[PDB]
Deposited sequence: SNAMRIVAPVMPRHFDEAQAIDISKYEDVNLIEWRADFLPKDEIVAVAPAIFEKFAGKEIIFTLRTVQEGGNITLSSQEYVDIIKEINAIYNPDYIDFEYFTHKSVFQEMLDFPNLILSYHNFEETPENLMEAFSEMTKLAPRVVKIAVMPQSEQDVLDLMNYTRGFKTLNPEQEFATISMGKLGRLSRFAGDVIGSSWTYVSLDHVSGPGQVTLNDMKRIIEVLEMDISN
């Protein structure tokens, strides 16, 4: 069934320490958006995140600038930070920006818990099927794709691609959305399309709106 993913994004240590866990009571999957920190504070802030959310599963996500994130890193810095956090903290899942940082993907080959991710804020690309195929054939823990529609048909394409790949790979977990106001319908289509990880806020949708929609759709 559907899994709700809620982000945690402290900008410093005093903030991370100060987080209210009761805010996350309805959620068992936490995404630490480590890109909200300066690169030199990520490892310092990790203990607070892992200690606070010890009751939940934790995703380590270093969302980099080319993928819409708040940190600018070389692919080398990127993989080095991921591996250091991994070696010490053992996050349940690790986000890897497959296309942006493909040059260092060979360093990540042995990980069974990757969320292979791809975000396109410009368009729904003409080779989207090929992107699904390449990511799905790797059989990561999750295939995560977010694309910007430039027409209503773009939104339907995202939905139909997810359904086709899910039907061919029923054991593969997907988190796929069409972004923007235009693509918002796709955010409530996970049960139809085969997208089971739902990224929410506490285009973008809150947990409250999600619940209300899941109500009507059951």
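Ranges missing from the model, given as deposited sequence positions
Several regions go unmodelled: 1-2, 205-210, 227-231.
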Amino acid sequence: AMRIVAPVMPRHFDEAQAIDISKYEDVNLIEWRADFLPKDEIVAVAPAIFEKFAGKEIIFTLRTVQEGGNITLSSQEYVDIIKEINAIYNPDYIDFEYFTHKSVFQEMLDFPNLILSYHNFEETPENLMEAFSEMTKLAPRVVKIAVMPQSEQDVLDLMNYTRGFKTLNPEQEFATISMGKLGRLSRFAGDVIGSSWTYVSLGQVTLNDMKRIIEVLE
From here on, numbers count along this sequence of modelled residues.
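Comparing 206-214 with 5-13, the one whose average Cα B-factor in the PDB entry is higher:
Here the higher of the two C-alpha B-factor means belongs to 206-214.
Using only C-alpha atoms and the B-factors in the entry, which stretch averages higher, 22-30 or 164-172?
Looking at the record's C-alpha B-factors, the answer is 22-30.
Grab the CA temperature factor for residue 58 from the record and place it in the lowest, middle or highest third of its chain.
Answer is middle: the recorded C-alpha B-factor places it there.
Place residue 154 in the lowest, middle or highest third of its chain's C-alpha B-factors, as listed in the PDB entry.
It falls in the bottom third of the chain.
Rank-wise, by C-alpha B-factor, drop residue 43 into the lowest, middle or highest third of its chain.
Its C-alpha B-factor, which the entry lists for residue 43, ranks in the highest third among residues of this chain.
Third of chain Cα B-factors occupied by residue 76
Ranked within chain, residue 76 CA B lands in the middle tercile.
How does residue 127 rank on Cα B-factor within its chain, lowest, middle or highest third?
As the PDB entry reports it, the C-alpha B-factor of residue 127 lands in the lowest third of its chain.
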